[PDB]
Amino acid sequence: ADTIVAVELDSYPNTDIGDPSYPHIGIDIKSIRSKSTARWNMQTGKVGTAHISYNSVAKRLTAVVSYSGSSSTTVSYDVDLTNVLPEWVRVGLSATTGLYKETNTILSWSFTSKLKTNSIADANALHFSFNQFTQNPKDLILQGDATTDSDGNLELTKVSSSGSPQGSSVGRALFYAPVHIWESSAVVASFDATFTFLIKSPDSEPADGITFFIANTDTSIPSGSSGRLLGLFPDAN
């Protein structure tokens, strides 16, 4: 199986598999069942911003999700990611819809990682920033249903021509370049990511959610990972 660490923006409470009973954000380490969650006062139709950060010293993976004009939801979880993830990962966004649906539209996404090893000055680094997405985002690995639309947005899950979300969709976008997040001599590794996202839905209870995730580089959408498993895991273990 893949090895996944993710920050989930989980619209739909699958109490069935451990979600809290409300939309929430969560930090997922090798399981869809979040190690930590926070209630998320999700607002459809309004652009949200997620900022996710980690450094290997603090070993604290944190996420905050906010919309202008509203209180942010924060969740953090202490985890030494280097003991969970391989040295090389890819980073990506995933989203699914299921029986209930929503757009999982990413309007921008940036990411910066640094890997500082003891014997070198400066920290290898990788940064990418998209304030919009091309038609052909050659630097993204689009998995599943993910595509970019006319408007320059990355629709992780299928939307119609007019942008209306489809059910039972799963899509991910990984940044093309593997990211080096640890190494034998590493002193400190960190990464920060932000994305903005627009979740719209005609459903009164939208689903399923959007994640930023980090994975083995050859990560692919697991079989059976649709819907509540957020395109990340093959089961709800």
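Throughout, we count residues from 1 along the sequence that is shown.
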property	result
Selected stretch [higher average CA B-factor]: 130-138 or 73-81	130-138
Mean Cα B-factor comparison, 209-217 or 12-20, giving the higher one as deposited	12-20
Most elevated Cα B-factor in the entry, residues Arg33, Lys59, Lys46, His180	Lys46
Highest recorded Cα temperature factor - choice among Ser185, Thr194, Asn55, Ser66	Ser185
Ranked against its chain, the third holding the CA B-factor of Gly152	highest
Where the record places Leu174 (Cα B-factor, split into thirds across the chain)	lowest
Ranked against its chain, the third holding the CA B-factor of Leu107	lowest
Cα B factor band for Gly163 (lowest, middle or highest third within the chain)	highest
Assigned third (lowest, middle, highest) for the C-alpha B factor of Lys116	highest
